[PDB]
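Taking it in order: structure first as structure tokens, then the write-up.
2 protein chains.
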Amino acid sequence: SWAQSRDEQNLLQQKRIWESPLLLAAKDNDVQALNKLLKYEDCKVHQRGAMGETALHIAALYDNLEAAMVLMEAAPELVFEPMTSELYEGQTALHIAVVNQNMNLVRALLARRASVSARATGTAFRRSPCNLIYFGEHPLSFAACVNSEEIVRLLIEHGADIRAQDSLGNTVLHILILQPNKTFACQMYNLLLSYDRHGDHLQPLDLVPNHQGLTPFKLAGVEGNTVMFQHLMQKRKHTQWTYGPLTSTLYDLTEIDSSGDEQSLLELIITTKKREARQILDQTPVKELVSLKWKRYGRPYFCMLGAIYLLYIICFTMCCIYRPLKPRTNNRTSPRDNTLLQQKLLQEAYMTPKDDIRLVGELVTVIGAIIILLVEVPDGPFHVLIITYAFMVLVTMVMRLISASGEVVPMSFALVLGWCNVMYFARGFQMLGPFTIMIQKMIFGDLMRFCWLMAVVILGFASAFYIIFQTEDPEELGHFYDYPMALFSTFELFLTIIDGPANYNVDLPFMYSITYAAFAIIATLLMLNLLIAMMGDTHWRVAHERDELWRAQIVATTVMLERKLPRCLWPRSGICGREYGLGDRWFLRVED
Amino acid sequence: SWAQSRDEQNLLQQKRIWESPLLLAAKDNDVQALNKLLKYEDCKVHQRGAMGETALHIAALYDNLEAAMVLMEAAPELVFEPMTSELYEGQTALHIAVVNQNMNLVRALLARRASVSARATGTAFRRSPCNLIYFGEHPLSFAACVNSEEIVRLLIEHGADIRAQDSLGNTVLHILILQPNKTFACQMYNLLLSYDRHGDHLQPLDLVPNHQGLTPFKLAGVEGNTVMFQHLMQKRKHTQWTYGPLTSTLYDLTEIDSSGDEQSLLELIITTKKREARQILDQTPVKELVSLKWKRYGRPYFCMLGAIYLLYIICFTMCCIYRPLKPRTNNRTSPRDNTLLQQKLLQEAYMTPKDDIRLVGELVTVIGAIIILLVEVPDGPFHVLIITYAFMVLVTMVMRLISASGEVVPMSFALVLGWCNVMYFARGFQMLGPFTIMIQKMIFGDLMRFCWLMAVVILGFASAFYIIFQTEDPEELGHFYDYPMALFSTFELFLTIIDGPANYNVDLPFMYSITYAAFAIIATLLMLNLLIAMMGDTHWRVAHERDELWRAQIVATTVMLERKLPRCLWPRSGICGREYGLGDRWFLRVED
Ligand SMILES: CCCCCCCC/C=C\CCCCCCCC(=O)O[C@@H](COC(=O)CCCCCCCCCCCCCCC)COP(=O)([O-])OCC[N+](C)(C)C
Ligand SMILES: CCCCCCCC/C=C\CCCCCCCC(=O)O[C@@H](COC(=O)CCCCCCCCCCCCCCC)COP(=O)([O-])OCC[N+](C)(C)C
Ligand SMILES: CCCCCCCC/C=C\CCCCCCCC(=O)O[C@@H](COC(=O)CCCCCCCCCCCCCCC)COP(=O)([O-])OCC[N+](C)(C)C
Ligand SMILES: CCCCCCCC/C=C\CCCCCCCC(=O)O[C@@H](COC(=O)CCCCCCCCCCCCCCC)COP(=O)([O-])OCC[N+](C)(C)C
Ligand SMILES: CC(C)CCC[C@@H](C)[C@H]1CC[C@H]2[C@@H]3CC=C4C[C@@H](OC(=O)CCC(=O)O)CC[C@]4(C)[C@H]3CC[C@]12C
Ligand SMILES: CC(C)CCC[C@@H](C)[C@H]1CC[C@H]2[C@@H]3CC=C4C[C@@H](OC(=O)CCC(=O)O)CC[C@]4(C)[C@H]3CC[C@]12C
Ligand SMILES: CC(C)CCC[C@@H](C)[C@H]1CC[C@H]2[C@@H]3CC=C4C[C@@H](OC(=O)CCC(=O)O)CC[C@]4(C)[C@H]3CC[C@]12C
Ligand SMILES: CC(C)CCC[C@@H](C)[C@H]1CC[C@H]2[C@@H]3CC=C4C[C@@H](OC(=O)CCC(=O)O)CC[C@]4(C)[C@H]3CC[C@]12C
Ligand SMILES: CC(C)CCC[C@@H](C)[C@H]1CC[C@H]2[C@@H]3CC=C4C[C@@H](OC(=O)CCC(=O)O)CC[C@]4(C)[C@H]3CC[C@]12C
Ligand SMILES: CC(C)CCC[C@@H](C)[C@H]1CC[C@H]2[C@@H]3CC=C4C[C@@H](OC(=O)CCC(=O)O)CC[C@]4(C)[C@H]3CC[C@]12C
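Top to bottom, those sequences are chains B and C.
Under the authors' numbering, residues 28 to 406, 423 to 635 are what the first sequence spells out, in order.
Under the authors' numbering, residues 28 to 406, 423 to 635 are what the second sequence spells out, in order.
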């Protein structure tokens, strides 16, 4: 795709260099070739390359100081020229010699007054999975990322703005957090903060947001950058006293905790795809904050909601047990017809006092289903299940009003969805909590991958079992009497939850005993135990990280409860200042 | 709670320091600020802080020697002042400068005659989970715990009592055992014992009990402090001879073995919550003592009690097999009534010689149940089971006398509790012993955690299965005919111990085949194998430490048998002295 086009422009770049004697002598720094071409005609001194590059760009790429100096003496207006293509738009040779860390050639270009504010907006510089570097857009950003302490100072002396932002809004401090070598990126962060002696007014530059709204501290939390997180936390950390081995430590807790309705650090870490962002939860001020919110306010409000939900589902269950049924009016159509009862009409469903007790429970059920929709729809997996529950309750309400047959099908969905939603409240308990993570990763992991191989063995053998018994009498062996039942029976024989079809009083077809023996080996022995071996591996992986997974469950529940409860009902965690003379900020004390 | 109040008093402390110029200059040692405030008015020289602290307390906290000396020259009566709050009651600055290890400021306070006997009874010093340090109450105790060898000597030279006890009764030697850095605590133990040259009469101070009764040696065993246990065992260890690589070693065995009716080291280690106390059992004199008690006296007396219990339960079983039954008098009420026999009245239960043989076995059963209560009630898990057994035997005795119907329900409990109590005697065998620890940790571990998720899937699907078949004829498919049976059937279908409901001669409801397929996947495949994967992990953890767990089972059995058998029947283990001229102490010889 774009990779194929980037491959072709890279080969087109090397061709145009070989086609041009100037670009070739710029690549391989033959001084005698460059001297002859310039003492001749212009020879395309402003030659536009394949990448939009010039000759002075080329000597910058290939680390050719002696070539680049002769090209600057030849034409000094090339120093200001930007590279002109979609890949490398607005890139100067000052950008290139910075990235190549060519110390003598950056000093030479700054002597010829190369711009330090030149923005490199080409798509090879944008933050994308296709690019292997994200350095920003400015030369100061590029030198900060290749860890060149000598070049960042020279750019600042020549007037590079430390406050310059790229198209994503990131300053140079944001970009350093996005870098793979974190320990070098810490030291460059400390260097660039030291040059914010002026301009700390109107923003201190460690507090600038990007276009997502993130400061460098919140970006370190969101990106899973734990090394930069601990280093940024030192600024927000205050030592209160030291009593030998003890230390009382006061944490700032402003951007960490939900200071406003805008998403804080706890919500952004839960609502992100990055697995390594969850490593911020066992960092020190974040870990005791989550535990404090849960024990004081999270777990009491959650256990109340689980108790109310459990009483409500018991109420819904009893209305389904006592659903209005009467003896059937019509006669039995076939001997296969097994139905004895049918559901009452609306006019006769409510005529006794026991029907009035059920009516109260049915209204409590319907009112609860509306409140589930009013909480959840005006906006997870249990998110979908409780909406699917409340939808099924309203469907059976509509069928009750218009007297529609088949209320058993919305109720049966609603019974199993209503009671399996109680497993949501297992996360109030630490031992019970990651059990449902095991169930999710066994369903949407092991089952969804291996059901396709199971379904095709079931389809093969049920089709074989169907045609083997297609000529036989079903009254003796009716497991495969029609093709939907044959398919359901083979699924049950797969799971060994029904017995193998046997009638010793008749002769079964010869082909059955061979096919069922082949089925018993591949399906019940091999593939069934293969799946169980997978799910035991899922169990082992989730139980290994179960404390970390439970803590991530607690934050998501705390973020959700704080979002839905009133602010009077959820007090802010920690200790506010300003009655102790600390400002209006809410602090958290940790004694270690 | 108290943590929130401790957080607030810590912030209130820092405010009152900032409110006071004296306390602020005491915190940050500005000598010019302290000089001006004292050459002015008193300026609250006896200013009471938030923690009950004074200015001289503050210079002690923040390691301000130059501040504290000026404050002592200003008012020397502050040197004697205690900190006055619930957190830090009776704390002096001599306490603080000791903990901060400020060597020049402890010498200055002792020059101004600061008390070495001052007790710090505040709740921040008490042994509690809320506190991170337990240092005791005296300055000598505090210097011993921060490992300051130079300060403990200076306190002793000024008259600090090495025999001072805190509110828990602990001397300084007890407190050192309770310290996290054991290797430093060994060296401080050796230092403080050297200053017991005088006063070894009336107690040698390594033999002082605390209020629980524990000496430092027994506290090292109870607290799991194996490093201090081995070091204390050197004093109780006597080398008898050395024959090249051999060494005959005589162990004192006084506090280890049950010298009196007061609890010894073996009973205290079993009857404690700490898992690391069980690490004392594989230390040298304790390990060969337990093996000696078991092989000589433990295992023969235990195998006799297990043989007698096995013969007794066989006697109880045969009386239940032969329980008095007669043909039923009334007629069959419904076709669902299956009962053919009923239990006899008392007057006809004993009329044949075979009824007389059973009467002897029933009295042997009743006498055994009374003896179980007389041994166990005038005081574990098998502790509860054998009492629950003997209660069920007396309940069926009462029902036999008053001719109450339903003796089958107390007997059935008594049959399964009586025979499962034979698994108690599996610990007489090392290979069989930790099997019952696996069963306990699979029941009260894996089952009690995961039954709640299982129960709610059973409740959801049994309710669905009940309403699906609520309109059908039960004679064809009666698994779910009423709601208790539907719930029991779904439990059995969960465990795959009954087959899936099928009748191929009728049409089952459409909703059944979908719901049972959903049930077969989530319950029989996924959640059932999830539990088995857990219990296999419990099996793997218990089988890894199975020798250590079996040895802990042997001590508990030995402690229980010694407590219940007469002293003539349980001889003291090891070799008494005084016929070999060693004193009256009982020794144990170990050749290594
Ligand atoms: C994850 C789930 C995967 C799917 C699992 C299983 C799917 C099951 C889902 C639904 C089935 C249940 C719905 C009932 C509908 C009734 C119609 C019927 O099927 O039978 C009809 C026949 O027609 C057929 O036999 C069609 C089946 C042929 C091939 C099936 C492959 C389709 C799925 C491919 C997916 C591949 C994916 C696998 C991997 C790529 C009529 O029944 P009869 O009694 O035979 O009448 C014949 C009358 N006669 C006597 C004259 C002869
Ligand atoms: C996962 C792998 C396991 C697969 C299991 C087996 C592999 C399959 C390989 C091959 C199967 C070959 C099919 C036979 C074709 C001829 C049909 C015929 O003549 O039927 C005749 C029988 O005649 C016979 O008995 C056939 C001779 C023995 C074949 C079966 C033995 C398989 C042993 C395998 C050894 C282990 C190999 C695997 C080791 C692991 C007549 O039948 P009838 O008795 O009169 O009944 C009448 C009913 N009917 C007419 C209505 C129909
Ligand atoms: C670890 C163990 C956990 C519990 C597991 C299972 C508990 C099982 C324990 C005991 C059950 C067995 C005792 C028999 C008593 C008979 C009464 C009866 O139940 O049926 C009665 C109906 O009334 C009901 O249907 C009540 C049930 C509704 C909801 C059940 C939830 C209660 C437990 C919540 C705990 C949640 C904990 C889970 C996680 C939070 C009558 O029967 P019927 O035939 O239907 O009559 C209807 C007549 N009709 C035809 C007119 C319609
Ligand atoms: C753990 C997850 C597994 C869940 C398993 C299944 C998921 C459930 C999802 C959805 C179930 C939807 C319910 C149907 C609602 C309409 C009712 C209806 O019209 O009935 C009609 C049939 O009409 C049909 O046949 C319906 C069309 C097919 C639905 C069933 C195929 C499910 C395939 C799923 C593919 C794999 C998906 C999952 C892959 C893993 C009439 O019924 P009847 O035949 O005439 O019988 C009469 C008896 N009765 C009137 C007394 C009642
Ligand atoms: C007539 C009255 C008494 C009915 C009783 C009402 C309650 C039983 C209902 C009404 C609203 C419900 C709540 C609506 C929203 C949610 C969020 C929901 O969150 C998720 O499932 C999202 C997280 C995830 O997907 O895992 C969990 C259930 C809960 C607390 C519900 C619990 C049960 C509640 C309190
Ligand atoms: C009437 C019949 C046909 C209904 C079919 C039942 C299934 C569609 C239901 C019943 C139980 C449900 C499951 C119950 C519990 C979970 C675990 C749940 O896991 C989590 O949410 C992870 C934990 C976390 O979010 O912290 C994801 C949904 C899932 C698999 C549910 C998916 C839908 C299931 C399989
Ligand atoms: C678990 C496995 C890997 C170990 C070896 C077992 C199978 C390879 C063997 C054991 C029993 C054998 C079966 C025993 C009896 C028969 C019946 C025989 O056909 C008959 O005579 C049946 C009567 C009829 O056709 O009606 C065909 C072979 C078959 C299925 C045999 C096929 C091969 C089987 C399954
Ligand atoms: C008519 C006569 C012959 C009846 C026979 C009497 C014995 C069969 C009974 C009487 C007292 C019983 C003992 C009473 C107390 C105990 C302690 C009990 O200890 C525990 O279960 C506690 C440890 C734990 O909980 O694991 C184990 C069974 C045992 C030895 C009992 C074994 C069976 C004994 C010897
Ligand atoms: C008539 C029916 C309804 C009675 C129900 C039977 C259960 C209540 C009983 C039968 C077997 C019993 C179990 C048999 C063995 C053990 C192992 C036992 O493990 C230990 O004591 C650990 C070993 C040790 O102490 O060294 C704890 C009790 C437990 C789980 C028992 C708990 C109670 C159980 C499950
Ligand atoms: C083990 C799993 C993860 C792998 C794939 C198996 C299931 C996804 C498939 C295999 C067989 C299928 C069943 C085959 C037959 C039927 C009957 C069909 O309804 C009927 O026509 C039955 C007749 C009646 O309603 O009375 C409804 C779908 C269902 C349950 C199918 C649902 C999906 C099943 C369970």
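Note that beta-carbon positions come from the ideal geometry of N, C-alpha and C, so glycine has one too.
Quiz item: Between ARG326/B and the rest of its own chain, which residues show a CB-CB distance below 7 Å, the 5 nearest in sequence each way excluded?
Solution: Excluding sequence neighbours, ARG326/B sits near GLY471.
Exercise. May I ask you to report which of helix, strand or coil DSSP gives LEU551/C?
Key: Three-state DSSP puts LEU551/C in coil, outside helix and strand.
Quiz item: Going by DSSP, which residues form a beta bridge with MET110/C?
Solution: Paired residue(s): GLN118/C.
Self-check item: Option in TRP321/B, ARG632/B, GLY333/B with minimal Cα separation from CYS619/B
Solution: Residue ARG632/B is the option with its Cα nearest to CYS619/B.
Quiz prompt | Continuous alpha helix (DSSP H) stretch holding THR439/C: start and end | solution = From DSSP, the alpha helix (DSSP H) with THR439/C extends over 424-444.
Self-check item: Assigned secondary structure, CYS463/B (DSSP; H/G/I helix, E/B strand, else coil)
Solution: In this structure, DSSP gives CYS463/B a helical state, which the three-state scheme calls helix.
Quiz prompt | Listed by chain order, chain B residues near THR567/C by CB distance under 8 Å | solution = Within chain B, the residues near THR567/C are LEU538, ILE540.
Quiz item: Is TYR509/C close to chain B, meaning its C-beta is less than 8 Å from at least one C-beta of that chain?
Solution: Answer yes: the Cβ-Cβ gap between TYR509/C and chain B drops below 8 Å somewhere.
Practice problem: Would you tell me roughly how many angstroms separate the C-alpha atoms of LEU460/C and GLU605/B, rounded to the nearest one? | Solution: When rounded, the distance between both Cα atoms is 50 Å.
Quiz item: Pick from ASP284/C, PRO405/C, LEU308/C, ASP635/C: whose alpha carbon is nearest that of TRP629/C?
Solution: The candidate whose alpha carbon is nearest that of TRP629/C is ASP284/C.
Quiz item: Along the chain, where does the beta strand (DSSP E) that runs through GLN596/B open and close?
Solution: From DSSP, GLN596/B is part of no beta strand (DSSP E) but of the alpha helix (DSSP H) over 589-607.
Quiz item: Which one or two residues does DSSP pair with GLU634/B in a beta bridge?
Solution: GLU634/B is bridged to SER275/B.
Quiz item: Are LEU368/C and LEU352/C close, meaning C-beta to C-beta below 8 Å?
Solution: Yes; because the gap between Cβ atoms is below 8 Å, this pair is in contact.
Practice problem: Indicate whether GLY226/B and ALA304/B have their beta-carbon atoms separated by less than 8 Å. | Solution: Cβ atoms of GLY226/B and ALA304/B: not closer than 8 Å.
Exercise. Check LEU229/C in the structure and name its three-state DSSP category.
Key: Coil at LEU229/C, not helix or strand.
Practice problem: Can you pull the chain B residues whose beta carbon is under 9 Å from the beta carbon of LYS42/C, in chain order? | Solution: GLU622, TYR623, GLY624, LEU625, listed in chain order.
Quiz item: Is there at least one Cβ from chain C nearer than 8 Å to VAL235/B's Cβ?
Solution: Contact with chain C is absent for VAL235/B, since none of that chain's Cβ atoms lies less than 8 Å from the residue's Cβ.
Quiz item: Expressed to the nearest angstrom, what Euclidean distance is found between the alpha-carbon atoms of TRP613/B and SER28/C?
Solution: A straight-line Cα-Cα distance of about 17 Å links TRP613/B and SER28/C.
Practice problem: Please determine if the segment 485-492 of chain B and the segment 567-584 of chain C are in contact, where contact requires at least 3 C-beta pairs separated by less than 8 Å. | Solution: Cβ pair count under 8 Å is three or more, so yes.
Quiz item: Taking 7 Å as the line, does the beta carbon of residue 418/C fall inside it for any heavy atom of ligand 8?
Solution: Because chain C is numbered from 406 directly to 423, the model contains no atoms for residue 418/C.
Self-check item: Bridge partners - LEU241/C, DSSP secondary structure assignment
Solution: Bridge partners of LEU241/C: none, in fact.
Exercise. Going by DSSP, name the residue or residues bridged to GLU515/C.
Key: DSSP, once it has assigned bridges, lists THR366/B as partnering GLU515/C.
Quiz item: Can at least three beta-carbon pairs, one atom from the segment 131-144 of chain B and one from the segment 89-107 of chain B, be found at a separation below 8 Å?
Solution: Cβ pair count under 8 Å is three or more, so yes.
Quiz prompt | Any heavy atom of ligand 1 within less than 6 Å of residue CB: hits in chain order | solution = That query returns the following residues: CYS494/B, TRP495/B, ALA498/B, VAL499/B, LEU502/B, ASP525/B, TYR526/B, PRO527/B, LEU530/B.
Exercise. Please say whether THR150/B and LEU114/B have beta carbons closer to each other than 8 Å?
Key: Yes, these two residues count as a Cβ contact at 8 Å.
Self-check item: Paired residues, beta bridge with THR269/B - DSSP
Solution: In DSSP, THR269/B forms a bridge with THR274/B.
Self-check item: Exposure label - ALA595/B; buried when at least 16 CB within 10 Å
Solution: Buried is the call here.
Quiz item: Under a three-way DSSP split, which group does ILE618/C fall into?
Solution: Residue state, collapsed to three classes: strand.
Quiz item: If you run the structure through DSSP and keep just helix, strand and coil, what is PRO236/C?
Solution: Reduced to three states, the DSSP call for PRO236/C is coil.
Practice problem: Keeping to the same chain, check which residues put their C-beta closer than 6 Å to that of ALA529/B; ignore five residues upstream and five downstream. | Solution: Residues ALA505, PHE508, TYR509, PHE523 of the same chain have their beta carbon placed closer than 6 Å to that of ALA529/B, with the five preceding and five following residues left out of the count.
Quiz prompt | Proximity below 8 Å, CB of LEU277/B to CB of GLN267/B | solution = For the 8 Å CB-CB criterion, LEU277/B and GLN267/B form a contact.
Quiz item: Counting only beta-carbon atoms, is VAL500/C nearer than 8 Å to chain B?
Solution: Yes, contact with chain B.
Exercise. Give a yes or no on whether the C-beta atoms belonging to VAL106/B and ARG139/B are separated by under 8 Å.
Key: Yes, Cβ-Cβ distance for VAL106/B and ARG139/B is below 8 Å.
Quiz item: In chain order, what residues of the same chain have a beta carbon less than 8 Å from the beta carbon of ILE123/B, not counting five sequence neighbours either side?
Solution: Within the same chain, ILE123/B has close Cβ partners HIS84, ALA87, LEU88.
Quiz item: Within 8 Å (strictly less), CB to CB, does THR514/C reach chain B?
Solution: Cβ-Cβ to chain B under 8 Å: yes for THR514/C.
Practice problem: List in chain order: all unbroken alpha helix (DSSP H) runs of 4+ residues lying wholly within the segment 79-104 of chain C. | Solution: List check, alpha helix (DSSP H) in window: 82-88, 92-101.
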